[PDB]
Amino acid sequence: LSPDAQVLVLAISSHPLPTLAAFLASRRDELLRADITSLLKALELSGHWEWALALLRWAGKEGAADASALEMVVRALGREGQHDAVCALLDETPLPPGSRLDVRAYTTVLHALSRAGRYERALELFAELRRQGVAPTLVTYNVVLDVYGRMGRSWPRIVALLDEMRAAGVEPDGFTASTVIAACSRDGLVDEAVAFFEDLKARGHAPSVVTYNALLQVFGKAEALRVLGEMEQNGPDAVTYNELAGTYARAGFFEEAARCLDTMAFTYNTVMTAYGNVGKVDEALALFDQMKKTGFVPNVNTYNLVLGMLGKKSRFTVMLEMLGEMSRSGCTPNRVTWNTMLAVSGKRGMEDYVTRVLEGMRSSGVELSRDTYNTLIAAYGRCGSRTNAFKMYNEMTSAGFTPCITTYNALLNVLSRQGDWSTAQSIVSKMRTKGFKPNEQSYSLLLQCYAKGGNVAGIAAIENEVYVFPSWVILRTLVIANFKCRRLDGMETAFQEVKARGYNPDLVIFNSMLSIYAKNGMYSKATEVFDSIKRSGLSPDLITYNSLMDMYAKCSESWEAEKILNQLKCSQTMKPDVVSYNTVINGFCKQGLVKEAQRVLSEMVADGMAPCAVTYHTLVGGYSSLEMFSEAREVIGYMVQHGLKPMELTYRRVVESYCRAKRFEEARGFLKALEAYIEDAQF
């Protein structure tokens, strides 16, 4: 409008937001003389809804904001969807005393509070709304009914409002019906929901899709029998389908739905999906058969769906069967099919499956692409068939395809399992000359080959090249990788770096840390950790609790470890673990305290737990220590007398202790290379 005002507006929309108020002040008099409403509008067209906001708040604090000013921002805020801002204009009103608003605007604020769970404020506002003589509209009504619906237990107030609205001649719509039914749905008002809809009929009213889904939902968590039926034939399965997907989980039946559906594709596929995503594939395959059994001829896309849900259950045998019915019915498998048959969540016996998929994947033409081979490598990688992954890697290249980074990472996954790093290094080095530079994943997979290789070299060689941006994964992978190698420098090093970069560490790191102190020479940072893990608000684990006991055990303070064990007995959620029992027994044994140690073994059994090899092994050590070899020999009996099968270390610890005690023929009688240990000892 005004050239002076256009300059002012441009000057406002260009100014940063944090400084703007100190700026608007400087132009106080300049602003007051103008039409803010016109500035707000101009600041809204230009796409700067947040600058008008600032202006409004400024003017309210000055007295130059009117209803129309506010009403303009609000309409902008709701179309833009900034409920928070709406709610704040209401909590810090830029309005002068009198001040009444347009209906549309009040209903936008009501929706904003609703959107925030401030149902109690919405109702306060609604009351204030009609005591100022504002005629609410259909949308205002529907918004308020929604407030009542999510606030809960407000059915009577809903009856009241429906009355009030009709008595003022505002007939309900579809947003009114669904809103209401979902309200009954959230309160278990099954009975009164139906009487409602069936009253909607009376007064006239065309039924709907969203309606039925709401009604559906009622009987859902609440009947889906004679009900869900109507919804169909009444008239289209859109969202209504999903409702079936959770209908099954909150209940339990396979006969009614078969008996129902019988009586009657997507619709079919929907219900099948409902079964296979909650883990009822046996239930879906039956739905599939029934479906086939009645005319219906599935296409490739229906098979890919069934195979897809069978796949998450690793039902290899029937996936191949389905693969059969396809190709022998015309339904030629597509790319999506093989990818589906190869994206199986790994189980035991996956290799031969994969092998059979590949056999039909190559006995049916289908020229394997580059990505196809990568998919086939990943598959044998999941199983762990290094042998078959690499045969695929070799067949690949020998056919002229060029391996990508996805192909190298695949192979790298494998070796990682087996901690074969000498082969990993070769992969990496190969990929570099080919031009391919390792990514983050490629590194984590290296860190894991090394750790299972006990190669600290390659570990610290990477810790250097990274300290390779250190991502939360890499730093977390490094903390672990060092713990397998039990490396305190490395672990600690990158521990604080995880904090200095604004990452929140999980119980894994904390647990891993606590123990690299317990079994080491630090026993206070440990206490720091168990105080940090808590101060952090995290819930300690048994493992955490067990690692804890090991600390006290190594600090020669065992009863305290016994306390934590006992305290676990009440935990009501924790519940010891022979490890916890073992760990405590190991400590007492380590301090010469062995009666106390078998006293906890007695509890152990009494509690109905189950002593094991390692458990007995501990005592034999602690007995051998203070040379009292008879009570020790009595133990190994117990193990075997109960068939617990001792360990050569159980024997060694006695042999080596029988040697040092000047008793040689004893070491001999009692009793491989061990006897040899006595010979090189005796003389």
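The first residue of the sequence shown is number 1, and the count goes up from there.
- According to the entry, the deposited sequence has 4 to 9 residues without coordinates between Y467 and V468.
- According to the record, no deposited residue between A21 and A22 is left without atomic coordinates.
- Note on 94-102 vs 111-119: mean CA B-factor is higher in 94-102.
- Comparing 245-253 with 384-392, the stretch with the higher mean C-alpha B-factor in the PDB entry is 245-253.
- The maximum CA B-factor among the listed residues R153, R75, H205, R335, taken from the PDB record, is found at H205.
- Within the group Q572, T240, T477, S442, the record's highest C-alpha temperature factor is found at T240.
- The PDB entry assigns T650 a C-alpha temperature factor belonging to the middle third of its chain's modelled residues.
- Ranked against the other modelled residues of its chain, the C-alpha B-factor of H15 as given in the entry falls in the lowest third.
- In this PDB entry, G521 carries a Cα temperature factor that places it within the highest third of its chain's modelled residues.
- Ranked by Cα temperature factor within the chain, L225 sits in the highest third according to the deposited record.
- When the CA B factors of the chain's modelled residues are split into thirds, the value for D66 lands in the lowest one.
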